[PDB]
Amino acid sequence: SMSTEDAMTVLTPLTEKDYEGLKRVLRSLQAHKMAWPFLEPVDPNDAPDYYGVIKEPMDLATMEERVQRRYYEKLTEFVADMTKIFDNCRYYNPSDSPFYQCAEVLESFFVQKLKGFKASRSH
């Protein structure tokens, strides 16, 4: 149920079995054809003033490092880091940018996969 998923998302410490789920979610995003702008950090020499404007940069390779290192204690923290990728992209870029489009598509995919992860955890 949505009740159980919400409670577990905020309160339930991530287990090793949860981490196998988080690796599956991250690998599914890295394989998505619209992940191409998010696999590595933004190149400063491509994106003028990016690191002056975006205060909390994030990318899928940094998320992979944090997952491998068992950085996250709560799913909320994993979701907050992932959400930076999409929010940062939509903030820095105009709405007609290919990067902006990729953020919209990959976030919708992540939201589908996250809901699946939560359900699998609640069962």
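Position 1 is the first residue in the sequence shown; the rest follow in order. We call the rigid core the largest set of C-alpha positions that still match within 1.5 Å between the two forms.
Asker: Say the other structures are aligned on the rigid core; which stretch then has the higher CA RMS in 8 other deposited structures of this protein, 47-55 or 30-38?
Answerer: Looking at 47-55 versus 30-38 in 8 other deposited structures of this protein, the farther one turns out to be 47-55.
Asker: Select between 31-39 and 83-91 the stretch whose C-alpha atoms have the higher average B-factor in the entry.
Answerer: Higher of the two, by average CA B-factor, is 31-39.
Asker: Looking at the entry, does 61-69 or 40-48 show the higher mean C-alpha B-factor?
Answerer: Higher of the two, by average CA B-factor, is 40-48.
Asker: Sorting by Cα B-factor within the chain, modelled residues only, which third would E20 end up in: lowest, middle or highest?
Answerer: Its C-alpha B-factor belongs to the highest third of this chain's values.
Asker: C-alpha B factor of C102, ranked within the chain: lowest, middle or highest third?
Answerer: It belongs to the middle third of the chain when residues are ordered by C-alpha B-factor.
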